[PDB]
């Protein structure tokens, strides 16, 4: 490395050396690669004549004369340490100072030779080691011996406290900014979407983190509380005892037991709406008064009179029935008042709106209006009703006799009185035409305008519920009416 930017070789090209016209001053290190041409391509023999004019022609080429055969190509990043002109006049940039790197990180940049100059930063991916570090004690010396031991590892000393091991940018908490912001895994403080417990008091009081309290670690049955110490939780069975003695082997964990109710109540960081127990004691049945509009607020009537007035219109206000004694708001009740309240308060005090929803109290109960106007909105001026007004008419059908037991026995309609020849409910009178199929299956439902030519048999069928089987020879002879053969129309019988 020494004799670095000091060219120890200059007298070679021109009878001047340590000073050649090219350099970046010319246009790049000249012998870089494909820099602007040595003037002949522009035909400029004026350009960069021995000194450097750039005040005559010079479009953009560099160097004429100076050295033997000034046009040159076939490049090289080391073609020429300057040897002819550039040094003629002193003050040519040698180099800035030595330390290009100063304490800025934490300990990567602290006079430490490792940096990357060795072979990468020491803690990067486990770079080639520090020699002695593998067994090269020859290379324990800072100046590189490279004359016996050193394979290709780095030496030692350099700066105070030289033992170092453990690489990887993430091998350890690097500190000095990278590690500044903690983000724990159990209790992650990033945003925190809702309280940690999303399910605890789902029964009432069973599963409610029944152990921590800040005295142990973290809020009253929060959820995010440390492990229960005892081995299944971490490794501390000493803290098995729920009431934490503190003076025992509880390092950073909380007490055990916990789950099935041993001694505690109240979970979550901020608790919860206490419907399960802390609410049992306070019980204000009347916790509000104005449900009326403006009368139920320390007004002369109130339930204090007798019931919330609008109930069923509570007992009258004395003068209201004729007790002017009680008209005096200060209540006498030693003169009149049989069982009533006073009067006045404001002109004409007793009456309005009983039945809580059986009247429109208004100004709270009745608030949402739904009166009557549906398809009708006629204040004064009418409108020709034209709506889908479909509504059938209630019209029954079926002849309903409103008098039956009226003639003699049971019936009244035209059909009865013995002339069927004996009562049907006797034992057996002339057959029922249709029923056993004897002569006339046609003589069935009374007849009317069909015909009446039923001869040998009796139609019988008159009176709802007329079929019978096993008549009654000791029942009751219905000769007076329910018996006769129906005979619609006088019937000429021809």
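Numbering (mature numbering (1 follows the signal peptide of the UniProt record, and there is no 0)), first residue to last: 66 to 559. All residues carry an ideal CB built from backbone N, CA and C; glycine is no exception.
For residue i, the first and last residue of its enclosing alpha helix (DSSP H)
i, result
"residue 368", "367-371"
"residue 163", "Residue 163 -> no alpha helix (DSSP H), and no H or E assigned at all."
"residue 90", "88-92"
Residue closest to residue i, alpha-carbon to alpha-carbon, out of the options
i, options, result
"residue 178", "227, 155, 152", "227"
"residue 162", "92, 75, 70, 260", "70"
"residue 480", "550, 474, 449, 489", "550"
"residue 523", "548, 540, 158, 450", "548"
"residue 104", "93, 123, 210", "123"
"residue 389", "513, 405, 211, 374", "405"
"residue 154", "416, 296, 183, 116", "116"
"residue 278", "318, 253, 183, 399", "318"
"residue 521", "538, 510, 315, 497", "497"
"residue 267", "321, 300, 332", "332"
"residue 197", "221, 506, 255, 185", "221"
"residue 190", "184, 223, 232", "232"
"residue 418", "338, 557, 379, 495", "379"
"residue 224", "212, 206, 210, 237", "206"
Exposure of residue i, with buried meaning 16 or more beta-carbon neighbours within 10 Å
i, result
"residue 408", "buried"
"residue 525", "buried"
"residue 288", "buried"
"residue 527", "buried"
"residue 248", "exposed"
"residue 251", "exposed"
"residue 160", "exposed"
"residue 98", "exposed"
"residue 265", "buried"
"residue 414", "buried"
"residue 235", "exposed"
"residue 113", "buried"
"residue 374", "buried"
"residue 455", "exposed"
"residue 428", "exposed"
"residue 138", "exposed"
"residue 443", "exposed"
"residue 164", "exposed"
"residue 150", "buried"
"residue 320", "buried"
Which of helix, strand or coil DSSP assigns to residue i
i, result
"residue 316", "coil"
"residue 334", "strand"
"residue 197", "helix"
"residue 291", "coil"
"residue 383", "helix"
"residue 303", "helix"
"residue 202", "helix"
The region 143-150 contacting the region 81-91, beta-carbon criterion three pairs below 8 Å: yes
The region 533-548 contacting the region 477-491, beta-carbon criterion three pairs below 8 Å: yes
Do three or more CB pairs link the region 336-348 to the region 356-365 at distances below 8 Å? no
Validate contact between the region 317-332 and the region 258-273 using beta carbons, cut 8 Å, 3 pairs: yes
Decide if the region 214-226 is in contact with the region 193-204; the criterion is three or more beta carbon pairs, one per stretch, under 8 Å apart. yes
Contact between the region 466-476 and the region 504-515: three or more CB pairs below 8 Å? no
Can we say the region 239-247 touches the region 165-185, given the rule of at least three CB pairs closer than 8 Å? yes
Whether or not the region 94-104 and the region 127-135 are in contact is what I'm after, with contact meaning three or more pairs of Cβ atoms, one per stretch, closer than 8 Å; do they touch? yes
Given 8 Å, three or more beta-carbon pairs between the region 287-305 and the region 255-265: yes
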